[PDB]
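S.K.: Sharing a structure below in structure tokens format, with a few things to ask.
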2 protein chains.
Amino acid sequence: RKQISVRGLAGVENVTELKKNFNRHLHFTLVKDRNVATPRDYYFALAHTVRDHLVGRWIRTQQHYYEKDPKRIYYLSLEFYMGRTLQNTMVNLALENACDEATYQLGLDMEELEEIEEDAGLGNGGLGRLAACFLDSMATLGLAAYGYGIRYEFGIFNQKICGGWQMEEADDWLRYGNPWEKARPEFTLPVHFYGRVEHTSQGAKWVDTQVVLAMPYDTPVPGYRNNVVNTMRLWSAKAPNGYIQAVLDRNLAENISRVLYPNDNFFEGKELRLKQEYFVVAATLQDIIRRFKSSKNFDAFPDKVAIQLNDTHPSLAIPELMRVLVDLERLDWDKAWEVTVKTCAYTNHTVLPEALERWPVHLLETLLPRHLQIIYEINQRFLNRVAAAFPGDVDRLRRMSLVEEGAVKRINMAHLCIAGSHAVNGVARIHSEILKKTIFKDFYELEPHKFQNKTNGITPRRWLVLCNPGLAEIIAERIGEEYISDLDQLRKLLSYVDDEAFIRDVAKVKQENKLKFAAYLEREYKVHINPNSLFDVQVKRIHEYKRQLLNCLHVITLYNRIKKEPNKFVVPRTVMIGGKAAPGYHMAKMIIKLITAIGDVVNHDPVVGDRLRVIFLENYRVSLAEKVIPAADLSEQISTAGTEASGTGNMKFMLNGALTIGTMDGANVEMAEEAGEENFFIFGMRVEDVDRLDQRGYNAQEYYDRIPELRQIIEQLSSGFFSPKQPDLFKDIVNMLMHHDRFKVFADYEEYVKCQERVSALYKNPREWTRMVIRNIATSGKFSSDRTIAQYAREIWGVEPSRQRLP
Amino acid sequence: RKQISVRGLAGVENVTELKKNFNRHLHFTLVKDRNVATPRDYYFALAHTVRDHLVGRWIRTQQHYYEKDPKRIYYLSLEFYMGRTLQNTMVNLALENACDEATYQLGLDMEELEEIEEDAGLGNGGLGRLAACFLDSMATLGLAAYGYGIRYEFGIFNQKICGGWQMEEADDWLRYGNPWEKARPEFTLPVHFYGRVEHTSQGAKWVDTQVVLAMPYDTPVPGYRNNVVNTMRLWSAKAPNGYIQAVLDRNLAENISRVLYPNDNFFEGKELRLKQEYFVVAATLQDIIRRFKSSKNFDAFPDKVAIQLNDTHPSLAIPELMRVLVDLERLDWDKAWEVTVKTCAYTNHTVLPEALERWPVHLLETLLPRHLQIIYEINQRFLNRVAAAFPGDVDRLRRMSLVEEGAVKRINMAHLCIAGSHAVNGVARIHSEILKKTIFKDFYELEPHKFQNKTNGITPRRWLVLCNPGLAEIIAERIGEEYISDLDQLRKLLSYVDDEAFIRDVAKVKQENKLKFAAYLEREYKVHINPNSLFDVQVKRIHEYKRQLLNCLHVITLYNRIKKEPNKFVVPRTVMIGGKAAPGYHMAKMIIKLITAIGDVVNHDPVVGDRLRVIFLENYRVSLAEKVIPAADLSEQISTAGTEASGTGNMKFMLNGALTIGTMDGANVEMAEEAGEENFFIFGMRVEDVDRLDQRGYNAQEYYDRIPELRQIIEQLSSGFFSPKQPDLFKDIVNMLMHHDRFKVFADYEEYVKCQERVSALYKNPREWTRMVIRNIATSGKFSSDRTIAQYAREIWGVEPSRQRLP
Ligand SMILES: O=C(Cn1cc(-c2ccccc2)nn1)N[C@@H]1O[C@H](CO)[C@@H](O)[C@H](O)[C@H]1O
Ligand SMILES: O=C(Cn1cc(-c2ccccc2)nn1)N[C@@H]1O[C@H](CO)[C@@H](O)[C@H](O)[C@H]1O
């Protein structure tokens, strides 16, 4: 526990100080003594104590940026999936062992206290989590970086499983307060909505607007042991400065920051979402302009400011910057545009067309009339450039236009982003290539230099040192601690593929993690899992494209094969699937019910017993990912080739000693390249094969007709085998698979099942399983978000990263 | 400044500690250094520093009550008009001079910092302020007392005067946080609404309810230098534990604690108000029951619990207690009722019938069906007692019933309170007598021993030591400091009526206070007032019964007399009127406009100049009362005899060296009794004269016809003299005065004007003015809230007060 060297030193005076300040906070902050104090009181006492250690560095870091005046990086995102903060802060400040000892001496278990903290679940999945990893890496690389978002009162809903169905409950994460954030009501700024434009003698004027105030809350972002503490600034909506009804109606403006939209696909043009997006953009850009003016005329703006757009969600930053520069700063259009493009860069996070933001022009006209005017002018000038570059190419003009012309006229926000950014990047090599080749081919041909790749990454602090200290320790024992912020050093572990001690230790750590996770499920849910089974894990948001359904088909295959040949040995498995479904995505909710329904049959068949178990992991979130990923043996990354832009869960599993079964999709391709394909369980159609199927038409019936085992499963689903009380329950799933499957589940069924057999074959050989694991861990280095951020810095932002310590 | 001995000692180590902790909070709490720190940052740094000094005593006091197990006093109120907390805390902890020196050494003006704090304006006027004074006195008298109310997000509206009219703005008092309160989310309790009653085998069951959570926030209440720190617990509404709409709809439940109802007359049966009232009652009584059970079977409940009902607002405590005891604790009705009556006592705060709470039975049935059932049963049994005591007296039964029988059937909450309380008190001798004589005569005849008087009081901490340290000091110089919590010792000052030094000092202090207030108005409003004028002040909520209009008639009289005889010397006056009008009270809003309109003419007449000024004091509130009252020469207390139940502003003025012009109404009668009528400017109808006018009918025309000077004023108002741009502006005021005046303004006009002449006559003689002032200050002792609370304790609660210090 405390013997772990990567967790730092428990200095005698440090431990003494920590205990004293713990007791001080219990007394003065929590207003309790030890007679009435609860575990929650103790968590908060520790949280305040740890937070105090950030303050000096936080003040000094921000003063340093004022003095040194580096180029500032502004990372704009509607989501920051931060998770818990206590352990991360202790890790980054080298205080973990000291706090562990301090709390131990006070008679407390720090790990029990850690479990009290709510996730800051201010994101849906990978995109939100990427922002969080990025904040961490930017601080570790000494960048003058600022995360800007919205402080949702309610993050992603807490998922309850009831009768085998998902139920949503409000994520009241601020119930007991947030000890990390600092409210800054003094720095509140006005955001404007609705109104109209007056074009006068001075120029355009946005008048008769309704005001919503944006109150910032600043959260410290510690770099890894470099004394850097950057800031995440999140804006909270506040009403501006019968009688009773009027006071109650303040809620309407304040609803802007009430809740995170829980849909992570199928764009719905909700006005409240558009208000949220402008809210972040308007308040953030005021901060940016203010800081620019208080630094040392707008010619130098792009030299001192970078705005990174996390998806198209903050794309309004482009017309907002133009609005400020033209209408308020009185710059000519051309200069303002030069500045805007050099300031802004855009990161694209998916190719699925239903995820794209296309706002009706009527909505923009009503809510943001000046922005619509500016967008139209941007479009006219941009299309003039297209017309000059490709004379007579009229369809190209139609395809490239920011304006989409259908029954409802809409603004394509991706097109706006490309036009208004000096850099556009995809999030894995395959994804960035498809952007240039198909999705934004017209844009690539116009401005090829704009288009970049920045393969995603994950922070090895949260995703190794925090969640898997046992693995972090056995690595450090061989190669020292430098890898923690220089993950490419993991390649040194290839020297240990034949090392008996290391092979033993890798396997020991995995078993320890599996025991711990089993203990978690027993403690929290009274669910018993076989610790001597292969932990087969698919955790990620529930999506047709991610193909949890393909996993389901395999699980039933395993079950049916057992029933056909009960005497035949099979490698025992615990198949775990978890993830949230978007509230209004019928198929996703049906998929969750199918997983639980499969479990209802499999988990109670006496012929099967502990040889096969199927469990749905409830409420998958960052804190749960930190528990389950280090316990995983097999990582399910089985999206239809061409659909997962990158993935990041894939990287977490690789770093944590799981082997991967996956398609050649997103960053899976680069992961297999790094490790060697011989060390990955790659199966299924490549993008080229998917396209060939699309060319001739996907007929699911053909696979049904040719595969007896698939036929059996579909008939079980149709006849009510997995829902005897409601035989037609899964008719919609069957219908979709048979007739309306965009993601070709049946087409990868045979290769998936065969590939899974090879997984089982290798697991039967513990030594060779572990050796292949070593080959994976050792080559996961590329997938550090430090590498990713270093690339953003050098290739887009024009800043040089530095691991150099502050005093 | 620091020379003032009543403000305590600036101990060298204390000053050193304070500076250190000030700097510590600036760094760790506010996360600022001195380079960017604002005056607000400095206020909060001081606030946290001072608050830290309360913590030990707060914990020890509450532990002491657990150990000693005294009878607990629960003061239930929908209003706690607390004002600011910083200075009060310093005064009660003897830290004022020490903090003053500490901040001075840091280069700060503590008084400038004090002005940063928002009033906790969680009350409308006298009733809310009485609760606040009561909390202070109960802590000073060492009572195990708990204030229980609602934590309104918005207190009484901030008043703006625009174009001479009142405008309401939301009182966002929590904008920058509240450094005094401690949120206690761990002690959150469920409150139930709506639903229905199931009468089963166990008994009645309240089922199918909607839940609203009540989250307590505890605020320290320091006694005067006795190491006692009691608690004010205020409940905050929290929602219980499409998708987006559902999350937004959490606002509806949370609206219960959103805003204080700003009407202090004309009862409006708003459901939201009824929810607020039950909210406080239900959550509070759960706390009471819990503490009772954790102390040492319900036979001892009234020995360990007192519930004081501040008006009928928390009257639901009566049926709620019965509900808990009968439905949940399974006591028989009779025993539960014995317990309830012995536990509960009711304080009545007015005789004006439109102020009485009469809830429609339909509303109670829908919102609180079990409570309505219980009320009906209470009524049946109570009326059985009436019928047994007064056989055949059928009208008495009708008059006494809790049920009122009109077109809409209603529950009379005052009747419920009397029936369910062992004590009922009025708030001044005249008021308590009229309760027994007329208003509740039937109830007095049934249970004469129930009926009591508890003449109101004010705390001499807030209302002398804090607001008028200069006066507190010259008093202490002669009689020591004991008077501060033993105000009857002010009688010793009668020995100084001929003392040249004291006469000089009293007058000097008043002049200093007048200069300070003049400096306040100049600084904050650029309004210049003549410092060598008599400060004639009427501050209180705007009401017809309080007769700001009578003041207006006199002001115009003064103006008209000047214009008739410009050469004739008159004592220069600054007539100040301030107070808020209820948003939907047309006449009150018209009255404010009349005051400003009179000012518009008077203040700009070159013939008048500085001889007469009329100003409307904007946003009258506790903090402003602390500024203006010590500067006042003349206190206007001119309610129609029989209408003001007590008044408390009257007492504040008396304590602070103003002479009183007033009717024989409320506590004015006792104030004049204490000082001698020769030392008060008493005028107008007595209650008996008002009744005689009522008997024959009030004809305002008769006064108009007989008084040329009144006639002139009414014609000025009617013809548009005070509104030339809108001649008919004051037609409604004229119409009411002439034809619909419930409060007989004209009937007291002549005596008021003549009495005012005598005020001016005395002011011309500085020595005799000051000698009469001494006679007032010296006899204000009875009107300490310590005296009032000592009476509540001994005569109602059955507890003995104690000025004894804690370790
Ligand atoms: O989440 C997204 C894109 N997205 C789409 C939406 C969305 C939100 C509302 C409606 C419709 C779509 N929110 N986020 N992309 C994911 O980004 C990760 C980080 O780059 C990648 O690793 C994943 O492959 C990708 O699916
Ligand atoms: O404020 C009240 C009574 N009251 C009535 C209401 C009310 C609230 C809503 C609608 C109608 C009436 N709120 N409070 N009474 C005042 O109590 C003071 C303290 O006892 C006395 O000094 C005043 O004389 C009395 O007017």
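Residue numbers start at 1 in each chain; chains themselves are named A, B, ... in the order of the structure tokens; ligands are numbered from 1 in the order shown.
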Considering only C-alpha atoms and all ligand atoms, tabulate each residue of chain A that lies at most 6 Å from ligand 1 along with its nearest interatomic pair and the corresponding distance in Å to one decimal; arrange the rows by chain and ascending residue number and present them as CSV.
M.R.:
```
residue,atom,partner,partner_atom_place_in_ligand_line,distance
A:126,CA,ligand 1,18 (C),4.3
A:127,CA,ligand 1,19 (C),4.0
A:130,CA,ligand 1,19 (C),5.7
A:263,CA,ligand 1,9 (C),5.1
A:264,CA,ligand 1,7 (C),3.9
A:265,CA,ligand 1,11 (C),3.5
A:266,CA,ligand 1,11 (C),4.5
A:267,CA,ligand 1,10 (C),3.6
A:349,CA,ligand 1,15 (N),4.2
A:350,CA,ligand 1,15 (N),5.1
A:355,CA,ligand 1,12 (C),3.9
A:427,CA,ligand 1,20 (O),5.3
A:644,CA,ligand 1,24 (O),4.3
A:645,CA,ligand 1,24 (O),3.8
A:646,CA,ligand 1,24 (O),3.9
A:647,CA,ligand 1,22 (O),3.3
A:648,CA,ligand 1,22 (O),5.0
```
S.K.: Check the DSSP output for the backbone and give back, as a PyMOL selection string, the residues of segment 22-239 of chain B in strand (DSSP E).
M.R.: chain B and resi 72-76+80-83+120-122+145-150+158-162+165-169+182-183+189-193+196-199+204-207+210-222+229-238
S.K.: Could you give me, as a list in words, the residues within 8 Å of segment 153-168 of chain B, counting only C-alpha atoms and dropping anything in the same chain fewer than 2 positions from it?
M.R.: residues 120, 121, 122, 123, 124, 151, 170, 171, 172, 173, 174, 257, 258, 259, 260, 261, 262, 580, 581, 583, 589, 592, 593, 596, 597, 618, 619 and 620 of chain B
S.K.: Store the residues picked out above in a file with N, CA, C and O atoms, as an mmCIF file, in the first residue's frame.
M.R.:
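The resulting part21.cif:
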```cif
data_model
loop_
_atom_site.group_PDB
_atom_site.id
_atom_site.type_symbol
_atom_site.label_atom_id
_atom_site.label_comp_id
_atom_site.auth_asym_id
_atom_site.auth_seq_id
_atom_site.Cartn_x
_atom_site.Cartn_y
_atom_site.Cartn_z
ATOM 1 N N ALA B 120 -28.720 40.606 5.342
ATOM 2 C CA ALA B 120 -29.595 39.448 5.275
ATOM 3 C C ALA B 120 -31.001 40.005 5.486
ATOM 4 O O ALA B 120 -31.478 40.116 6.615
ATOM 5 N N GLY B 121 -31.640 40.403 4.388
ATOM 6 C CA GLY B 121 -32.944 41.066 4.444
ATOM 7 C C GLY B 121 -34.076 40.072 4.324
ATOM 8 O O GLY B 121 -34.971 40.224 3.487
ATOM 9 N N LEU B 122 -34.038 39.056 5.180
ATOM 10 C CA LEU B 122 -35.004 37.967 5.132
ATOM 11 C C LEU B 122 -36.264 38.276 5.937
ATOM 12 O O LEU B 122 -36.835 37.403 6.597
ATOM 13 N N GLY B 123 -36.694 39.530 5.851
ATOM 14 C CA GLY B 123 -37.906 40.009 6.509
ATOM 15 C C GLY B 123 -38.431 41.277 5.861
ATOM 16 O O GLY B 123 -37.724 41.935 5.091
ATOM 17 N N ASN B 124 -39.678 41.617 6.178
ATOM 18 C CA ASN B 124 -40.342 42.792 5.623
ATOM 19 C C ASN B 124 -40.152 44.048 6.458
ATOM 20 O O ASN B 124 -39.911 45.129 5.917
ATOM 21 N N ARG B 151 -34.457 29.861 4.229
ATOM 22 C CA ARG B 151 -33.359 30.570 3.601
ATOM 23 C C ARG B 151 -33.809 31.024 2.215
ATOM 24 O O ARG B 151 -33.596 30.323 1.218
ATOM 25 N N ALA B 170 -34.612 42.508 -7.664
ATOM 26 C CA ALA B 170 -34.320 41.309 -6.880
ATOM 27 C C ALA B 170 -33.150 41.538 -5.929
ATOM 28 O O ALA B 170 -32.122 42.092 -6.318
ATOM 29 N N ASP B 171 -33.333 41.123 -4.681
ATOM 30 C CA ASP B 171 -32.303 41.238 -3.657
ATOM 31 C C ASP B 171 -31.457 39.968 -3.695
ATOM 32 O O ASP B 171 -31.726 38.997 -2.986
ATOM 33 N N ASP B 172 -30.442 39.990 -4.555
ATOM 34 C CA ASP B 172 -29.561 38.849 -4.779
ATOM 35 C C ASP B 172 -28.472 38.817 -3.701
ATOM 36 O O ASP B 172 -27.276 38.925 -3.999
ATOM 37 N N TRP B 173 -28.895 38.653 -2.449
ATOM 38 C CA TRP B 173 -27.994 38.811 -1.299
ATOM 39 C C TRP B 173 -26.897 37.743 -1.224
ATOM 40 O O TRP B 173 -25.881 37.932 -0.543
ATOM 41 N N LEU B 174 -27.089 36.642 -1.945
ATOM 42 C CA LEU B 174 -26.126 35.539 -1.935
ATOM 43 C C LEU B 174 -25.187 35.532 -3.145
ATOM 44 O O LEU B 174 -24.446 34.569 -3.355
ATOM 45 N N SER B 257 -38.357 28.010 -1.663
ATOM 46 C CA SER B 257 -37.503 28.922 -0.903
ATOM 47 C C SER B 257 -36.878 30.033 -1.756
ATOM 48 O O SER B 257 -35.867 30.620 -1.368
ATOM 49 N N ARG B 258 -37.479 30.332 -2.907
ATOM 50 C CA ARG B 258 -36.878 31.308 -3.817
ATOM 51 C C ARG B 258 -36.928 32.744 -3.302
ATOM 52 O O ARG B 258 -35.921 33.460 -3.342
ATOM 53 N N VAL B 259 -38.095 33.173 -2.830
ATOM 54 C CA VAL B 259 -38.296 34.594 -2.549
ATOM 55 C C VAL B 259 -39.282 34.868 -1.409
ATOM 56 O O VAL B 259 -40.318 34.205 -1.287
ATOM 57 N N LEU B 260 -38.929 35.848 -0.579
ATOM 58 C CA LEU B 260 -39.811 36.354 0.465
ATOM 59 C C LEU B 260 -40.985 37.107 -0.150
ATOM 60 O O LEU B 260 -40.792 37.977 -1.000
ATOM 61 N N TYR B 261 -42.199 36.767 0.278
ATOM 62 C CA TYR B 261 -43.375 37.548 -0.088
ATOM 63 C C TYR B 261 -43.265 38.950 0.513
ATOM 64 O O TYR B 261 -43.141 39.094 1.732
ATOM 65 N N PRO B 262 -43.286 39.982 -0.351
ATOM 66 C CA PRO B 262 -43.018 41.370 0.027
ATOM 67 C C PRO B 262 -44.236 42.131 0.555
ATOM 68 O O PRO B 262 -44.124 43.316 0.871
ATOM 69 N N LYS B 580 -40.418 50.797 2.280
ATOM 70 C CA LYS B 580 -40.856 50.106 1.079
ATOM 71 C C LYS B 580 -42.368 49.948 1.058
ATOM 72 O O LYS B 580 -43.004 49.788 2.105
ATOM 73 N N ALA B 581 -42.933 50.025 -0.144
ATOM 74 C CA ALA B 581 -44.338 49.722 -0.371
ATOM 75 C C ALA B 581 -44.457 48.306 -0.916
ATOM 76 O O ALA B 581 -43.596 47.856 -1.680
ATOM 77 N N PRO B 583 -45.502 45.691 -3.442
ATOM 78 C CA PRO B 583 -45.657 45.752 -4.899
ATOM 79 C C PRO B 583 -47.072 45.971 -5.445
ATOM 80 O O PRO B 583 -47.226 46.705 -6.425
ATOM 81 N N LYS B 589 -47.877 52.896 -3.120
ATOM 82 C CA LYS B 589 -47.024 53.360 -4.216
ATOM 83 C C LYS B 589 -47.323 54.811 -4.586
ATOM 84 O O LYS B 589 -46.410 55.568 -4.920
ATOM 85 N N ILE B 592 -45.587 57.151 -1.928
ATOM 86 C CA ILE B 592 -44.170 57.384 -2.246
ATOM 87 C C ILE B 592 -44.030 58.471 -3.315
ATOM 88 O O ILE B 592 -43.233 59.398 -3.161
ATOM 89 N N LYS B 593 -44.827 58.367 -4.379
ATOM 90 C CA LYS B 593 -44.800 59.360 -5.452
ATOM 91 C C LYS B 593 -45.170 60.757 -4.955
ATOM 92 O O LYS B 593 -44.601 61.747 -5.420
ATOM 93 N N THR B 596 -42.075 62.301 -3.041
ATOM 94 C CA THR B 596 -41.097 62.794 -4.009
ATOM 95 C C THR B 596 -41.612 64.035 -4.746
ATOM 96 O O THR B 596 -40.853 64.976 -4.974
ATOM 97 N N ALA B 597 -42.902 64.039 -5.086
ATOM 98 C CA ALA B 597 -43.522 65.171 -5.788
ATOM 99 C C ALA B 597 -43.562 66.437 -4.925
ATOM 100 O O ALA B 597 -43.348 67.547 -5.428
ATOM 101 N N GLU B 618 -34.233 56.281 0.069
ATOM 102 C CA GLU B 618 -34.366 55.123 -0.799
ATOM 103 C C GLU B 618 -33.854 53.859 -0.122
ATOM 104 O O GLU B 618 -32.827 53.880 0.567
ATOM 105 N N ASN B 619 -34.591 52.765 -0.316
ATOM 106 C CA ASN B 619 -34.172 51.430 0.113
ATOM 107 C C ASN B 619 -33.995 51.291 1.627
ATOM 108 O O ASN B 619 -32.977 50.777 2.101
ATOM 109 N N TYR B 620 -34.987 51.752 2.383
ATOM 110 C CA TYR B 620 -34.954 51.618 3.836
ATOM 111 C C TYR B 620 -34.877 50.144 4.231
ATOM 112 O O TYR B 620 -35.673 49.319 3.774
#
```
S.K.: Identify every residue of chain B that has at least one atom within 7 Å of any atom of chain A, counting only C-alpha atoms, and report the result as number ranges by chain.
M.R.: B: 28, 31, 52, 55, 170, 176, 185, 243, 247-248, 255, 583
S.K.: Write out as a list in words the set of residues from segment 739-772 of chain B that DSSP, computed on the backbone, places in helix (DSSP H, G or I).
M.R.: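 Filtering segment 739-772 of chain B to helix (DSSP H, G or I) leaves residues 739, 746, 747, 748, 749, 750, 751, 752, 753, 754, 755, 756, 757, 758, 759, 760, 761, 762, 763, 766, 767, 768, 769, 770, 771 and 772 of chain B.
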S.K.: Which value, in Å to one decimal, gives the distance between atom CA of residue 676 of chain A and atom CA of residue 774 of chain A?
M.R.: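 Calculated distance between atom CA of residue 676 of chain A and atom CA of residue 774 of chain A is 12.2 Å.
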S.K.: Restricting the calculation to only C-alpha atoms and all ligand atoms, which member of B:225, B:543, B:410, B:415 is positioned closest to ligand 2?
M.R.: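 Result for the nearest residue to ligand 2: B:543.
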S.K.: So which one's closest to residue 511 of chain A, A:770, A:750, A:675, A:191? Using only C-alpha atoms, please.
M.R.: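 Among the listed residues, the smallest separation from residue 511 of chain A belongs to A:770.
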S.K.: When you draw a straight line from atom CA of residue 605 of chain A to atom CA of residue 553 of chain A, how long is it in Å?
M.R.: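 Going from atom CA of residue 605 of chain A over to atom CA of residue 553 of chain A, I get 17.8 Å.
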